[PDB]
Every structure is written in structure tokens, then in C-alpha cells.
file coords18.cif (mmCIF, C-alpha atoms (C1' of nucleotides))
data_work
loop_
_atom_site.group_PDB
_atom_site.id
_atom_site.type_symbol
_atom_site.label_atom_id
_atom_site.label_comp_id
_atom_site.auth_asym_id
_atom_site.auth_seq_id
_atom_site.Cartn_x
_atom_site.Cartn_y
_atom_site.Cartn_z
ATOM 1 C CA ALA A 1640 -42.663 -37.268 5.493
ATOM 2 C CA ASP A 1641 -45.806 -37.768 7.555
ATOM 3 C CA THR A 1642 -44.825 -36.227 10.907
ATOM 4 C CA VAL A 1643 -43.579 -32.743 11.761
ATOM 5 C CA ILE A 1644 -41.966 -32.105 15.135
ATOM 6 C CA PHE A 1645 -41.277 -28.559 16.274
ATOM 7 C CA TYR A 1646 -38.508 -28.667 18.847
ATOM 8 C CA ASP A 1647 -39.121 -24.906 19.124
ATOM 9 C CA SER A 1648 -42.076 -22.631 18.503
ATOM 10 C CA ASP A 1649 -41.423 -19.385 16.636
ATOM 11 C CA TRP A 1650 -42.594 -15.864 17.487
ATOM 12 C CA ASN A 1651 -44.297 -15.779 14.065
ATOM 13 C CA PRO A 1652 -47.077 -18.333 13.428
ATOM 14 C CA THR A 1653 -46.768 -17.841 9.659
ATOM 15 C CA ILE A 1654 -43.276 -19.372 9.658
ATOM 16 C CA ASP A 1655 -44.367 -22.480 11.576
ATOM 17 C CA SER A 1656 -47.521 -22.691 9.446
ATOM 18 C CA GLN A 1657 -45.219 -22.606 6.416
ATOM 19 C CA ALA A 1658 -42.821 -25.109 8.020
ATOM 20 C CA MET A 1659 -45.591 -27.613 8.761
ATOM 21 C CA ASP A 1660 -46.982 -27.203 5.227
ATOM 22 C CA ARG A 1661 -43.820 -28.833 3.819
ATOM 23 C CA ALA A 1662 -45.360 -32.241 4.611
ATOM 24 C CA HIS A 1663 -49.019 -31.252 4.034
ATOM 25 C CA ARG A 1664 -49.205 -30.504 0.297
ATOM 26 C CA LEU A 1665 -50.956 -31.718 -2.848
ATOM 27 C CA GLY A 1666 -48.515 -34.635 -3.084
ATOM 28 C CA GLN A 1667 -49.201 -35.893 0.452
ATOM 29 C CA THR A 1668 -51.391 -38.946 1.004
ATOM 30 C CA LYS A 1669 -50.522 -40.299 4.444
ATOM 31 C CA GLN A 1670 -52.050 -38.553 7.422
ATOM 32 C CA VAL A 1671 -49.906 -35.723 8.787
ATOM 33 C CA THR A 1672 -49.397 -35.215 12.512
ATOM 34 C CA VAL A 1673 -47.718 -32.135 13.995
ATOM 35 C CA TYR A 1674 -46.114 -32.349 17.435
ATOM 36 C CA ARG A 1675 -44.874 -29.288 19.324
ATOM 37 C CA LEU A 1676 -42.567 -29.802 22.312
ATOM 38 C CA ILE A 1677 -43.770 -26.930 24.485
ATOM 39 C CA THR A 1678 -41.786 -27.201 27.719
ATOM 40 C CA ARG A 1679 -44.266 -26.310 30.460
ATOM 41 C CA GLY A 1680 -43.627 -23.489 32.917
ATOM 42 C CA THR A 1681 -41.160 -21.627 30.690
ATOM 43 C CA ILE A 1682 -41.159 -18.730 28.247
ATOM 44 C CA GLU A 1683 -41.585 -21.392 25.558
ATOM 45 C CA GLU A 1684 -45.222 -21.246 26.702
ATOM 46 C CA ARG A 1685 -45.620 -17.464 26.343
ATOM 47 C CA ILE A 1686 -43.874 -17.550 22.946
ATOM 48 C CA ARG A 1687 -46.448 -20.088 21.749
ATOM 49 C CA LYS A 1688 -49.436 -18.254 23.254
ATOM 50 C CA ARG A 1689 -48.383 -14.948 21.647
ATOM 51 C CA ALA A 1690 -47.759 -16.677 18.310
ATOM 52 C CA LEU A 1691 -51.136 -18.427 18.600
ATOM 53 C CA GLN A 1692 -53.118 -15.231 19.262
ATOM 54 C CA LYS A 1693 -51.432 -13.565 16.260
ATOM 55 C CA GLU A 1694 -52.852 -16.364 14.092
ATOM 56 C CA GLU A 1695 -56.347 -15.314 15.202
ATOM 57 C CA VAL A 1696 -55.704 -11.688 14.205
ATOM 58 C CA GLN A 1697 -54.334 -12.928 10.871
ATOM 59 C CA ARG A 1698 -57.508 -15.006 10.472
ATOM 60 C CA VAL A 1699 -59.761 -12.082 11.455
ATOM 61 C CA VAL A 1700 -58.021 -9.784 8.946
ATOM 62 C CA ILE A 1701 -58.961 -12.439 6.379
ATOM 63 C CA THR A 1702 -62.541 -12.794 7.589
ATOM 64 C CA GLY A 1703 -63.837 -11.742 4.184
ATOM 65 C CA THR A 1704 -63.189 -13.993 1.216
ATOM 66 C CA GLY A 1705 -60.283 -13.590 -1.144
ATOM 67 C CA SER A 1706 -61.821 -16.091 -3.575
ATOM 68 C "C1'" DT B 1 47.579 -14.668 -34.206
ATOM 69 C "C1'" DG B 2 44.193 -18.777 -34.574
ATOM 70 C "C1'" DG B 3 40.875 -21.611 -33.304
ATOM 71 C "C1'" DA B 4 37.412 -24.102 -31.302
ATOM 72 C "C1'" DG B 5 33.286 -23.875 -28.693
ATOM 73 C "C1'" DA B 6 30.334 -21.797 -25.966
ATOM 74 C "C1'" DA B 7 27.512 -17.630 -25.353
ATOM 75 C "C1'" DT B 8 24.650 -14.026 -27.423
ATOM 76 C "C1'" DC B 9 22.334 -12.115 -31.432
ATOM 77 C "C1'" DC B 10 18.632 -11.843 -34.797
ATOM 78 C "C1'" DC B 11 15.199 -13.251 -37.672
ATOM 79 C "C1'" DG B 12 10.735 -15.340 -38.399
ATOM 80 C "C1'" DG B 13 6.582 -17.782 -36.412
ATOM 81 C "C1'" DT B 14 2.933 -18.228 -32.972
ATOM 82 C "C1'" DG B 15 -0.458 -16.719 -29.256
ATOM 83 C "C1'" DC B 16 -2.632 -14.490 -25.992
ATOM 84 C "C1'" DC B 17 -4.012 -10.977 -23.312
ATOM 85 C "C1'" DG B 18 -4.003 -6.698 -22.030
ATOM 86 C "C1'" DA B 19 -4.281 -2.052 -23.791
ATOM 87 C "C1'" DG B 20 -7.172 1.203 -25.970
ATOM 88 C "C1'" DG B 21 -11.787 2.374 -27.164
ATOM 89 C "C1'" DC B 22 -16.924 2.190 -26.518
ATOM 90 C "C1'" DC B 23 -21.245 2.779 -23.601
ATOM 91 C "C1'" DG B 24 -24.230 3.883 -19.480
ATOM 92 C "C1'" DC B 25 -24.788 6.944 -15.475
ATOM 93 C "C1'" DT B 26 -23.913 9.537 -12.144
ATOM 94 C "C1'" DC B 27 -22.473 12.425 -9.238
ATOM 95 C "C1'" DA B 28 -19.403 15.686 -8.729
ATOM 96 C "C1'" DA B 29 -17.994 19.670 -11.369
ATOM 97 C "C1'" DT B 30 -20.046 24.095 -12.907
ATOM 98 C "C1'" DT B 31 -23.502 28.202 -13.010
ATOM 99 C "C1'" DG B 32 -25.547 31.803 -10.270
ATOM 100 C "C1'" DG B 33 -26.425 34.406 -5.899
ATOM 101 C "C1'" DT B 34 -25.503 35.802 -0.992
ATOM 102 C "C1'" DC B 35 -22.639 37.217 2.953
ATOM 103 C "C1'" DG B 36 -18.707 37.598 5.748
ATOM 104 C "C1'" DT B 37 -14.178 38.483 6.094
ATOM 105 C "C1'" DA B 38 -9.463 38.599 5.535
ATOM 106 C "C1'" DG B 39 -5.674 40.307 3.713
ATOM 107 C "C1'" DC B 40 -4.324 44.306 1.119
ATOM 108 C "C1'" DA B 41 -3.174 49.318 1.253
ATOM 109 C "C1'" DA B 42 -1.675 53.509 4.409
ATOM 110 C "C1'" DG B 43 0.271 55.282 7.984
ATOM 111 C "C1'" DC B 44 3.201 55.366 12.337
ATOM 112 C "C1'" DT B 45 7.048 53.611 15.369
ATOM 113 C "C1'" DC B 46 11.364 52.604 16.381
ATOM 114 C "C1'" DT B 47 14.133 48.157 16.070
ATOM 115 C "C1'" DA B 48 18.127 46.324 14.767
ATOM 116 C "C1'" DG B 49 20.729 45.903 10.611
ATOM 117 C "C1'" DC B 50 24.432 48.291 8.336
ATOM 118 C "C1'" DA B 51 28.485 51.243 8.003
ATOM 119 C "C1'" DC B 52 32.635 53.147 10.063
ATOM 120 C "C1'" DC B 53 36.723 53.966 13.324
ATOM 121 C "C1'" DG B 54 40.551 52.507 16.604
ATOM 122 C "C1'" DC B 55 42.841 49.250 19.552
ATOM 123 C "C1'" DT B 56 44.232 44.431 21.077
ATOM 124 C "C1'" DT B 57 45.932 39.842 20.417
ATOM 125 C "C1'" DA B 58 45.518 35.766 19.303
ATOM 126 C "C1'" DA B 59 44.874 33.145 15.193
ATOM 127 C "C1'" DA B 60 46.972 32.547 10.681
ATOM 128 C "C1'" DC B 61 50.858 31.535 7.722
ATOM 129 C "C1'" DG B 62 55.509 30.959 5.651
ATOM 130 C "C1'" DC B 63 59.227 27.739 6.120
ATOM 131 C "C1'" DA B 64 62.402 24.466 8.473
ATOM 132 C "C1'" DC B 65 62.866 19.562 9.070
ATOM 133 C "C1'" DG B 66 62.110 15.169 10.349
ATOM 134 C "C1'" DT B 67 60.045 10.770 10.604
ATOM 135 C "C1'" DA B 68 55.966 8.616 10.383
ATOM 136 C "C1'" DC B 69 53.012 6.724 7.185
ATOM 137 C "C1'" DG B 70 51.491 5.791 2.061
ATOM 138 C "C1'" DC B 71 52.298 2.603 -1.770
ATOM 139 C "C1'" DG B 72 54.400 -0.082 -4.884
ATOM 140 C "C1'" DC B 73 56.513 -4.698 -5.035
ATOM 141 C "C1'" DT B 74 57.105 -9.842 -3.731
ATOM 142 C "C1'" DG B 75 55.284 -14.153 -1.987
ATOM 143 C "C1'" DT B 76 51.642 -17.348 -0.505
ATOM 144 C "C1'" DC B 77 47.788 -19.547 -0.211
ATOM 145 C "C1'" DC B 78 43.300 -20.427 0.675
ATOM 146 C "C1'" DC B 79 39.066 -19.844 -0.394
ATOM 147 C "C1'" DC B 80 35.602 -18.473 -3.392
ATOM 148 C "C1'" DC B 81 34.502 -19.551 -8.688
ATOM 149 C "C1'" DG B 82 33.124 -22.221 -12.123
ATOM 150 C "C1'" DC B 83 30.978 -26.378 -13.670
ATOM 151 C "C1'" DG B 84 28.989 -31.242 -13.164
ATOM 152 C "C1'" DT B 85 25.922 -34.182 -10.219
ATOM 153 C "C1'" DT B 86 22.312 -34.832 -6.849
ATOM 154 C "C1'" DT B 87 17.966 -33.487 -4.521
ATOM 155 C "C1'" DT B 88 14.432 -30.642 -2.978
ATOM 156 C "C1'" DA B 89 11.025 -27.761 -2.837
ATOM 157 C "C1'" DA B 90 9.185 -23.722 -5.354
ATOM 158 C "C1'" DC B 91 5.465 -23.071 -8.397
ATOM 159 C "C1'" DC B 92 0.991 -24.272 -10.074
ATOM 160 C "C1'" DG B 93 -3.891 -26.287 -9.882
ATOM 161 C "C1'" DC B 94 -7.610 -27.529 -7.880
ATOM 162 C "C1'" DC B 95 -10.757 -28.104 -3.955
ATOM 163 C "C1'" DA B 96 -11.901 -26.891 0.884
ATOM 164 C "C1'" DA B 97 -13.105 -24.128 4.888
ATOM 165 C "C1'" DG B 98 -14.761 -20.980 7.278
ATOM 166 C "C1'" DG B 99 -14.779 -16.585 8.550
ATOM 167 C "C1'" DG B 100 -15.932 -12.529 8.275
ATOM 168 C "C1'" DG B 101 -19.614 -9.040 7.148
ATOM 169 C "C1'" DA B 102 -23.876 -7.011 5.500
ATOM 170 C "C1'" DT B 103 -28.964 -7.847 5.272
ATOM 171 C "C1'" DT B 104 -33.134 -9.456 7.513
ATOM 172 C "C1'" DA B 105 -36.061 -11.002 11.429
ATOM 173 C "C1'" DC B 106 -38.459 -9.802 16.004
ATOM 174 C "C1'" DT B 107 -38.783 -8.501 20.818
ATOM 175 C "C1'" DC B 108 -38.018 -4.845 24.321
ATOM 176 C "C1'" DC B 109 -37.519 -0.047 26.060
ATOM 177 C "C1'" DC B 110 -35.511 4.497 25.507
ATOM 178 C "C1'" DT B 111 -36.557 9.031 24.044
ATOM 179 C "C1'" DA B 112 -38.801 12.612 21.614
#
call {"tool": "encode", "arguments": {"input": "coords18.cif", "output": "C-alpha cells"}}
result
Amino acid sequence: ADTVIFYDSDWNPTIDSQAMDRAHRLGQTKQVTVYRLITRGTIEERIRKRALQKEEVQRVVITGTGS
DNA sequence: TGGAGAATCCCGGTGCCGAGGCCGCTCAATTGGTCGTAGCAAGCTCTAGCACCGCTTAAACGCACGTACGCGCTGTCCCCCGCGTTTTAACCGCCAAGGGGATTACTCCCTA
């Protein structure tokens, strides 16, 4: 595959970040695009904004290297 | 009585599969101590169970006597058995479905 479409965002960004990795792995060679069908003016928006701010916390809690 | 044949026995061979025995764990039986009680022992009451007597009558019982009903005996038949043919569907195998339930995920708000 080369395209991932989320019909739905999840409350946990790690699960969608895992889901979209399925196409974006050491075997991939085409460009990958991810689309996300956020229906505007709905709680689909708040679900995505909450999931997106969690990803910042999860990036802050890995500010220091694990290398 | 005899006999033929069909039905049941018995003896040996084969297999399979379940019973009897082994092993891990656990959890539920046992050891030891505390505390409440419950039912066991004494003592009192007096309840109603037992025994006896005398009268009444109505229930029991011995016997007369019949006739109503039990049972053996005869006839009939019809309908259920026994056995051969036809047919069906019960049993087995294998796959399918899904349906239920327990675990896991994640928000929201009660309640401590």
C-alpha cells in the first residue's frame, strides 16, 4: 500500500500511529500519504484534538534520547 | 418319539479404550486459642394419661335361606403374530456458524 485513510480517528494517538506505520516500514519505497476524514463541527474534531495533544505529551516524555 | 432346522451357546482371536495408577499443587482440612452460649441437670407444678366401676344400647354375631353372581365350558372369529419384501431415515462424519461470554480499551462522573 501507499495510502492510508482513517475513516475515524482514535482516542489514542499511539494506535493510529501504529496503524499508519503498516504502510510506512523498511520495505516501503513509494511515498506514503495519510488522509484523515475529520468531519468538521462534530466531536470527531475534539477526539482528534485530544489525541493530537497526547502525542505532544508522549513526545515531551521522550525529550531525552533513548539511543 | 424323531427329526430337521433354526436359535443360542461357547471357544478362541483381535483391538481398543477406558480403568487404575502416577504426579503436581493447592486449598481445604487440621492444629491451637478464645469466647459465648446452649442445652444439660435440678427442682417445681399440675396436666392429662391411666385405672376402675356401673349403666345403657346399639353394634356384633350366629344361623336361616335364597338367589344373584362366579366360573368352567363351548363356539367363533378376527385380529395381532410371525416372517418375507420394500423403503426410509437413523446414525455417523465432517464442516460451518455464530453466539455467547470473559478480557481489554477509554471516556465520564459518582463517591469517599
call {"tool": "closest_atom_pairs", "arguments": {"input": "coords18.cif", "of": "chain B", "to": "chain A", "cutoff": "10 Å", "atoms": "only C-alpha atoms (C1' of nucleotides)", "output": "CSV"}}
result
residue,atom,partner,partner_atom,distance
B:105,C1',A:1651,CA,9.9
B:106,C1',A:1650,CA,7.5
B:107,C1',A:1650,CA,8.9
call {"tool": "atom_distance", "arguments": {"input": "coords18.cif", "atom1": "atom CA of residue A:1682", "atom2": "atom CA of residue A:1695"}}
result
20.3 Å
call {"tool": "resolve_selection", "arguments": {"input": "coords18.cif", "expression": "the PyMOL selection byres ((chain A and resi 1690) around 8)", "output": "ChimeraX atom specification"}}
result
/A:1649-1652,1686-1689,1691-1694
call {"tool": "closest_residue", "arguments": {"input": "coords18.cif", "among": "A:1642, A:1704, A:1648, A:1656", "to": "residue A:1671", "atoms": "all atoms listed in the file"}}
result
A:1642
call {"tool": "atom_distance", "arguments": {"input": "coords18.cif", "atom1": "atom CA of residue A:1640", "atom2": "atom CA of residue A:1666"}}
result
10.7 Å
call {"tool": "atom_distance", "arguments": {"input": "coords18.cif", "atom1": "atom CA of residue A:1641", "atom2": "atom CA of residue A:1697"}}
result
26.5 Å
call {"tool": "resolve_selection", "arguments": {"input": "coords18.cif", "expression": "the PyMOL selection byres ((chain A and resi 1645) around 7)", "output": "list in words"}}
result
residues 1643, 1644, 1646, 1647, 1648, 1674, 1675 and 1676 of chain A
call {"tool": "decode", "arguments": {"input": "coords18.cif", "residues": "stretch 1644-1666 of chain A", "atoms": "N, CA, C and O atoms", "output": "PDB file, in the first residue's frame"}}
result
ATOM      1  N   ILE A1644      -6.023   5.718   4.782  1.00  0.00           N
ATOM      2  CA  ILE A1644      -7.159   6.584   5.049  1.00  0.00           C
ATOM      3  C   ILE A1644      -7.747   6.143   6.376  1.00  0.00           C
ATOM      4  O   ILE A1644      -8.167   4.990   6.525  1.00  0.00           O
ATOM      5  N   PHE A1645      -7.777   7.060   7.333  1.00  0.00           N
ATOM      6  CA  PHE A1645      -8.544   6.907   8.560  1.00  0.00           C
ATOM      7  C   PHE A1645      -9.957   7.423   8.327  1.00  0.00           C
ATOM      8  O   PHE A1645     -10.168   8.634   8.219  1.00  0.00           O
ATOM      9  N   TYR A1646     -10.930   6.513   8.262  1.00  0.00           N
ATOM     10  CA  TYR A1646     -12.319   6.951   8.336  1.00  0.00           C
ATOM     11  C   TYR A1646     -12.617   7.563   9.696  1.00  0.00           C
ATOM     12  O   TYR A1646     -13.441   8.479   9.800  1.00  0.00           O
ATOM     13  N   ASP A1647     -11.955   7.073  10.741  1.00  0.00           N
ATOM     14  CA  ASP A1647     -12.168   7.508  12.112  1.00  0.00           C
ATOM     15  C   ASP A1647     -10.819   7.753  12.776  1.00  0.00           C
ATOM     16  O   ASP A1647      -9.878   6.973  12.595  1.00  0.00           O
ATOM     17  N   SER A1648     -10.728   8.835  13.544  1.00  0.00           N
ATOM     18  CA  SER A1648      -9.636   8.999  14.491  1.00  0.00           C
ATOM     19  C   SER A1648      -9.930   8.243  15.782  1.00  0.00           C
ATOM     20  O   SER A1648     -11.085   8.080  16.183  1.00  0.00           O
ATOM     21  N   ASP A1649      -8.867   7.783  16.434  1.00  0.00           N
ATOM     22  CA  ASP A1649      -8.964   7.127  17.729  1.00  0.00           C
ATOM     23  C   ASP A1649      -8.589   8.065  18.873  1.00  0.00           C
ATOM     24  O   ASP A1649      -7.818   9.011  18.701  1.00  0.00           O
ATOM     25  N   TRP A1650      -9.142   7.775  20.056  1.00  0.00           N
ATOM     26  CA  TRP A1650      -8.779   8.487  21.280  1.00  0.00           C
ATOM     27  C   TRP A1650      -7.321   8.309  21.676  1.00  0.00           C
ATOM     28  O   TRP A1650      -6.819   9.081  22.499  1.00  0.00           O
ATOM     29  N   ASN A1651      -6.632   7.315  21.136  1.00  0.00           N
ATOM     30  CA  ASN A1651      -5.221   7.099  21.453  1.00  0.00           C
ATOM     31  C   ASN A1651      -4.353   7.291  20.220  1.00  0.00           C
ATOM     32  O   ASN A1651      -4.448   6.494  19.267  1.00  0.00           O
ATOM     33  N   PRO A1652      -3.492   8.310  20.189  1.00  0.00           N
ATOM     34  CA  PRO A1652      -2.658   8.538  19.000  1.00  0.00           C
ATOM     35  C   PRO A1652      -1.666   7.425  18.726  1.00  0.00           C
ATOM     36  O   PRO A1652      -1.198   7.304  17.588  1.00  0.00           O
ATOM     37  N   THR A1653      -1.322   6.616  19.729  1.00  0.00           N
ATOM     38  CA  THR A1653      -0.367   5.533  19.515  1.00  0.00           C
ATOM     39  C   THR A1653      -0.947   4.453  18.612  1.00  0.00           C
ATOM     40  O   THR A1653      -0.211   3.826  17.842  1.00  0.00           O
ATOM     41  N   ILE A1654      -2.261   4.236  18.681  1.00  0.00           N
ATOM     42  CA  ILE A1654      -2.901   3.209  17.868  1.00  0.00           C
ATOM     43  C   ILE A1654      -2.987   3.637  16.407  1.00  0.00           C
ATOM     44  O   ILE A1654      -2.722   2.839  15.500  1.00  0.00           O
ATOM     45  N   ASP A1655      -3.338   4.899  16.148  1.00  0.00           N
ATOM     46  CA  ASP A1655      -3.288   5.411  14.782  1.00  0.00           C
ATOM     47  C   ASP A1655      -1.861   5.540  14.261  1.00  0.00           C
ATOM     48  O   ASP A1655      -1.611   5.312  13.073  1.00  0.00           O
ATOM     49  N   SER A1656      -0.913   5.911  15.121  1.00  0.00           N
ATOM     50  CA  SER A1656       0.483   5.959  14.695  1.00  0.00           C
ATOM     51  C   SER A1656       1.039   4.572  14.398  1.00  0.00           C
ATOM     52  O   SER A1656       1.911   4.426  13.534  1.00  0.00           O
ATOM     53  N   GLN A1657       0.555   3.554  15.107  1.00  0.00           N
ATOM     54  CA  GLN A1657       0.816   2.167  14.731  1.00  0.00           C
ATOM     55  C   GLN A1657       0.106   1.779  13.439  1.00  0.00           C
ATOM     56  O   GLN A1657       0.722   1.215  12.527  1.00  0.00           O
ATOM     57  N   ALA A1658      -1.196   2.064  13.348  1.00  0.00           N
ATOM     58  CA  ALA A1658      -1.959   1.782  12.134  1.00  0.00           C
ATOM     59  C   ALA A1658      -1.330   2.372  10.875  1.00  0.00           C
ATOM     60  O   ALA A1658      -1.184   1.677   9.866  1.00  0.00           O
ATOM     61  N   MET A1659      -0.941   3.646  10.907  1.00  0.00           N
ATOM     62  CA  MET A1659      -0.331   4.233   9.718  1.00  0.00           C
ATOM     63  C   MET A1659       1.102   3.779   9.472  1.00  0.00           C
ATOM     64  O   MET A1659       1.615   3.998   8.371  1.00  0.00           O
ATOM     65  N   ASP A1660       1.762   3.163  10.453  1.00  0.00           N
ATOM     66  CA  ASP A1660       3.061   2.546  10.206  1.00  0.00           C
ATOM     67  C   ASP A1660       2.990   1.314   9.315  1.00  0.00           C
ATOM     68  O   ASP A1660       3.988   0.981   8.672  1.00  0.00           O
ATOM     69  N   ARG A1661       1.844   0.634   9.264  1.00  0.00           N
ATOM     70  CA  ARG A1661       1.721  -0.596   8.483  1.00  0.00           C
ATOM     71  C   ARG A1661       2.188  -0.425   7.041  1.00  0.00           C
ATOM     72  O   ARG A1661       2.790  -1.335   6.463  1.00  0.00           O
ATOM     73  N   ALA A1662       1.937   0.742   6.451  1.00  0.00           N
ATOM     74  CA  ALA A1662       2.432   1.081   5.122  1.00  0.00           C
ATOM     75  C   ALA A1662       3.810   1.733   5.093  1.00  0.00           C
ATOM     76  O   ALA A1662       4.428   1.776   4.024  1.00  0.00           O
ATOM     77  N   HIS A1663       4.313   2.234   6.215  1.00  0.00           N
ATOM     78  CA  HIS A1663       5.495   3.098   6.238  1.00  0.00           C
ATOM     79  C   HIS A1663       6.635   2.401   6.984  1.00  0.00           C
ATOM     80  O   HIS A1663       6.991   2.791   8.096  1.00  0.00           O
ATOM     81  N   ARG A1664       7.193   1.357   6.373  1.00  0.00           N
ATOM     82  CA  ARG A1664       8.123   0.445   7.026  1.00  0.00           C
ATOM     83  C   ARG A1664       9.288   0.181   6.084  1.00  0.00           C
ATOM     84  O   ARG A1664       9.272   0.572   4.915  1.00  0.00           O
ATOM     85  N   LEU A1665      10.317  -0.478   6.620  1.00  0.00           N
ATOM     86  CA  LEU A1665      11.570  -0.685   5.900  1.00  0.00           C
ATOM     87  C   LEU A1665      11.386  -1.275   4.506  1.00  0.00           C
ATOM     88  O   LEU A1665      12.252  -1.083   3.644  1.00  0.00           O
ATOM     89  N   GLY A1666      10.284  -1.977   4.250  1.00  0.00           N
ATOM     90  CA  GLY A1666      10.014  -2.455   2.905  1.00  0.00           C
ATOM     91  C   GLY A1666       9.380  -1.454   1.958  1.00  0.00           C
ATOM     92  O   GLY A1666       9.368  -1.699   0.748  1.00  0.00           O
TER      93      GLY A1666
END
